[PDB]
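Worksheet for the structure shown next.
No lab work stands behind these numbers, since they all come straight from the coordinates. Because the Cβ atoms are built from the backbone with ideal geometry, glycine has one as well, and the counts that use them run over all protein chains shown.
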Amino acid sequence: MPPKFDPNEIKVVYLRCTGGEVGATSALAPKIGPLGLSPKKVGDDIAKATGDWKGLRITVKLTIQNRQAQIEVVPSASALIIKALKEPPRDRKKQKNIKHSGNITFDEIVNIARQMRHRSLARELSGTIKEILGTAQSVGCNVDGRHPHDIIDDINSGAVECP
Amino acid sequence: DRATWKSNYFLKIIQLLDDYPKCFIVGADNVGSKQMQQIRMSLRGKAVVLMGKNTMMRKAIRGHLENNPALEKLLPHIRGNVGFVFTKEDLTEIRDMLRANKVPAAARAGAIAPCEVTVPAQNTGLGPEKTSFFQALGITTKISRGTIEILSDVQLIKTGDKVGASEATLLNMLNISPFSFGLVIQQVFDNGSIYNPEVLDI
Amino acid sequence: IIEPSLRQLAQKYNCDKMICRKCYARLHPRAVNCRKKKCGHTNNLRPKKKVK
Amino acid sequence: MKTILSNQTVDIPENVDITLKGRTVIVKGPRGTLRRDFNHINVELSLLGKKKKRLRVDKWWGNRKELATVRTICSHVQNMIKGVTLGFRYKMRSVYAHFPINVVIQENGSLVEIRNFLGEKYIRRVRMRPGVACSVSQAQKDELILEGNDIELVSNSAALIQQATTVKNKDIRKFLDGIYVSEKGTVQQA
RNA sequence: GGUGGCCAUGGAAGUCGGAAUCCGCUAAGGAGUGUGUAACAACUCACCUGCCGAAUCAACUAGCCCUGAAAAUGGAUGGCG
Ligand SMILES: [Mg+2]
Ligand SMILES: [Zn+2]
């Protein structure tokens with residue numbers, strides 16, 4: 001990419017959000033996608049197969065360019081997994097009682113959530129992120145018969161196993 | 001906020017002045033909030049960066065403890081943005097050297113510092129003619145095919161002399177990035193000692 | 001057409017103004033009070049409208 | 001409430017020699033000599049510093065609104081000192097969409113002659129005050145330089161041409177043309 | 001920053017609107033005062049720093065004057081003042 005219009009591989013990053021099935025309403029990326037040798041349709045519908053077999057409730061979506069190859073990975077977002085940690089999937093055409101539904105445990109699955117929080121956080125080790133991603137709730141409301149409310153004060157686990 | 005929360009900070013500074021006898025005085029004139037987040041995690045094995053305000057002139061009140069003396073030599077340096085970085089594992093320079101990361105560089109008109117600045121007779125690569133920042137001063141240049149050269153060399157500005165605005169802007173156009181030393185290190189304290197970054201100190 | 005730094009000079013002198021809601025008198029950006037005796041020195045100020 | 005005393009010392013430099021005739025301050029440095037009368041304000045101007053180091057303005061049985069003025073005299077005196085040492089320079093850069101404002105100084109300073117502002121046939125003329133040397137700049141395109149010793153005189157004169165150049169019956173949000181002050185500074189900076 | 005947070009998608013990733021709604025880095029930064037931006041950004045403001053040196057600020061309430069306050073043969077604190 002540099003004095004004159006060069007490249008030298010294609011290993012260039014682009015990130016997208018949102019996802020029903022895929023797209024397709026005379027639309028996908030454009031702007032970044034078209035000049036880049038990608039398309040709007042085949043590299044759209046191959047974004048189905050990988051962002052599929054269950055994602056249908058908004059996604060984050062890194063697409064890596066290689067010549068004209070668009071790699072369709074679903075990189076997990078902290079609230080997206082906590083929406084998919086739900087008593088899950090009702091999907092579309094009802095839904096209707098809406099997405100403020102809100103009752104889901106994640107007792108050690110938030111441990112697995114704060115585990116898969118890959119790098120991002122620049123972390124004090126669990127016992128603080130456990131509280132960061134525990135505190136970001138609105139749907140669920142903490143562990144079987146509790147509220148996030150009173151986990152924040154304490155967490156008698158994780159701490160010295162994650163370092 | 002702030003007769004209790006104040007009186008709280010006081011108990012955490014007085015702690016690290018006792019427990020931590022190795023003190024690194026750091027100048028963070030240019031800094032980002034995402035920058036420090038990364039510097040503390042890049043030095044998590046080692047150091048403890050401590051950021052306060054005016055109140056840092058409360059080394060007096062730990063020195064008041066009918067106790068410590070040589071903390072008088074810490075008095076002239078609590079001024080003009082400063083924080084300290086308390087560390088157990090130090091061990092001299094060798095962790096201090098690996099801290100120095102990318103940065104100024106910078107270079108501004110009205111500055112003074114480090115050593116004799118040179119621009120090795122190398123071919124620049126800027127757009128053609130672009131000779132006006134050389135022609136304004138005086139260096140022998142030539143268009144060999146397309147791009148520009150200096151076909152000679154010398155020191156542009158010497159130690160103690162002021163750098164003009166046109167001679168500053170030409171140096172940062174060339175990519176030559178000297179005159180700087182902010183967010184790095186100002187003055188060490190290790191056991192009543194007075195180090196000085198002019199150079200043994202490391 | 002009219003270079004940015006040049007423009008935002010003239011803007012400084014004709015556009016960023018407070019204005020009295022009583023007397024329509026035109027005032028500097030900081031004004032919390034009018035100049036004029038006629039309105040009764042009001043405090044009812046608004047910013048002058050930025051051209052779309 | 002009357003305040004028994006208020007005062008202020010101006011620190012006079014080694015270059016200049018102020019000498020006050022009662023209340024009337026005269027100032028002579030390198031550049032020239034200035035004068036001004038504070039035969040209104042009513043204060044006590046002493047020159048206490050020997051060799052010659054301090055103007056001190058008193059004020060004395062003064063209520064709030066005259067206490068103000070202690071500092072204002074104190075200012076027009078600094079402002080003189082800066083004028084007779086350094087001298088001031090207001091720069092003013094002409095501004096437009098379209099018709100080139102076409103300036104031409106015409107005795108020495110004095111007549112600043114302006115064709116074509118907004119296609120107007122009437123050639124605006126503007127006098128400077130005495131001691132104000134206008135001149136068309138170089139090292140920049142549409143830009144005047146008003147030099148003088150006296151702030152008062154130099155900035156009416158900026159403002160005279162800044163105000164002579166005003167549009168009528170338009171949007172002055174849109175019609176941002178005319179000549180206006182870009183930089184108040186000095187001749188010599190030090 | 002965790003962070004296209006949630007609702008809303010028409011865009012609202014801090015921001016036409018609302019439930020809300022809290023941690024990290026902490027120093028300190030509101031899941032935001034605004035500009036504005038389709039949305040951002042970019043800017044700004046809370047918060048917090050750098051530089052300076054001692055008084056500073058806000059809401060009320062009153063005293064005095066200023067405004068509200070506009071009429072027809074010329075013009076009346078009695079006049080002069
Ligand atoms: Mg019209
Ligand atoms: Zn008014």
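Quick notes on this one:
- Among the candidates B:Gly80, B:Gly45, residue that is on the phi > 0 side of the Ramachandran plot, loosely packed, with under 14 Cβ neighbours inside 10 Å and not in a helix (DSSP H, G or I): B:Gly80
- When region A:1-55 is filtered for residues that are in contact with an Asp or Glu (Cβ under 7 Å, 6 or more places away or on another chain) and exposed (fewer than 14 other Cβ atoms within 10 Å of the Cβ), only A:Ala24 remains.
- Leading residue by the ranking (surrounded by the most Cβ atoms within 10 Å (Cβ to Cβ)) among those in region C:19-34 that are within 14 Å of RNA strand E (Cβ to nearest atom) and among the charged types (D, E, K, R): C:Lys22
- Looking across region A:134-163, not a single residue is within 14 Å of another protein chain (Cβ to nearest Cβ) and assigned to a helix (DSSP H, G or I).
- Flag for B:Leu200 being in contact with a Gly (Cβ under 8 Å, 6 or more places away or on another chain) and either surrounded by 15 or more Cβ atoms within 10 Å (Cβ to Cβ) or under 30 Å from B:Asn68 (Cβ atoms) (or both): no
- B:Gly160 surrounded by fewer than 13 Cβ atoms within 10 Å (Cβ to Cβ) and within 18 Å of the chain's Cα centre (by Cα): no
- Among the residues of region C:33-52, the ones that are within 12 Å of ligand 2 (Cβ to nearest atom) and either in a loop (DSSP other than H, G, I, E, B) or farther than 20 Å from C:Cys15 by Cβ (or both) come to 12 in all.
- Hits in region A:121-133 (condition: on the phi > 0 side of the Ramachandran plot and within 14 Å of another protein chain (Cβ to nearest Cβ)): A:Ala122
- Filtering region D:149-175 to residues that are within 16 Å of ligand 1 (Cβ to nearest atom) and of a type in the set (A, V, I, L, M, F, W, C) leaves D:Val167, D:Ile172, D:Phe175.
- The lone exception for C:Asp16 - which of (1) surrounded by 13 or more Cβ atoms within 10 Å (Cβ to Cβ); (2) under 20 Å from D:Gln163 (Cα atoms); (3) within 15 Å of ligand 2 (Cβ to nearest atom); (4) not polar (S, T, N, Q) it fails: (3)
- Residue satisfying condition, being over 27 Å from B:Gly27 (Cα atoms), part of a loop (DSSP other than H, G, I, E, B) and not basic (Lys, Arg), within set B:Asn196, B:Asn123: B:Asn123
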